[PDB]
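Working notes, structure below.
Values in this text are rule-based calculations from the coordinates and carry no lab data. We place every Cβ from the backbone using ideal geometry, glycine too, and count neighbours over all the protein chains shown.
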Amino acid sequence: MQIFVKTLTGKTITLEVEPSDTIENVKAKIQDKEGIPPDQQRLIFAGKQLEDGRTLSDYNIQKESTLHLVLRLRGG
Amino acid sequence: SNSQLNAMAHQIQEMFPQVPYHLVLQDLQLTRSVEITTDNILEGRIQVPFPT
């Protein structure tokens, strides 16, 4: 199924995943596109954080759903 | 001007539909980086809406 990844930069990435896919795997797919390591990838859904060891079915993420990708930076 | 700043803050509001806009603009003036801002917010840097 297809989903929509929202970024803080204002870029809607369209990736293909499945309900039985793991959050960790999703982040890995994003790392292949953006280049940003999954370690600095904070996936948020409906305002809640998505844990690495969880599946899309855990948070009940259906098709055409929007996933928020927050970047982590200990700088500033 | 705050043209880019306000626009960036609005982008975060489109990611976190639970954080007060005025609290977003708070760190937007400090770090001025939506990335570090949302990250710090998620770390508890900004007092999230807590029922008192």
The condition from (1) touching a residue at least 12 places away in the same chain (Cβ under 8 Å); (2) within 11 Å of the chain's Cα centre (by Cα); (3) surrounded by 14 or more Cβ atoms within 10 Å (Cβ to Cβ) that A:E51 misses is numbered (3)
Taking the condition of being over 17 Å from A:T7 (Cβ atoms), of a type outside the set (K, R) and surrounded by 14 or more Cβ atoms within 10 Å (Cβ to Cβ), how many residues in region B:32-47 meet it? 2
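Where in chain A are the strands (runs of 3 or more DSSP E), entirely inside, with at least 2 residues that are of a type outside the set (S, T, N, Q) and within 14 Å of chain B (Cβ to nearest Cβ)? Spell out how you get there, then give the answer.
Values: elements: A:2-7, A:13-16, A:41-45, A:66-71.
Passing ranges, in order: A:2-7, A:41-45, A:66-71.
Evaluate region B:34-42: report whether one residue or more is at the interface with another protein chain (Cβ under 9 Å from one of its Cβ atoms) and assigned to a loop (DSSP other than H, G, I, E, B). Steps first, answer last, please.
Going residue by residue through region B:34-42, those that are at the interface with another protein chain (Cβ under 9 Å from one of its Cβ atoms) are B:34-42.
Imposing the further condition that a residue be assigned to a loop (DSSP other than H, G, I, E, B) reduces the set to none.
No, region B:34-42 contains no residue that is at the interface with another protein chain (Cβ under 9 Å from one of its Cβ atoms) and assigned to a loop (DSSP other than H, G, I, E, B).
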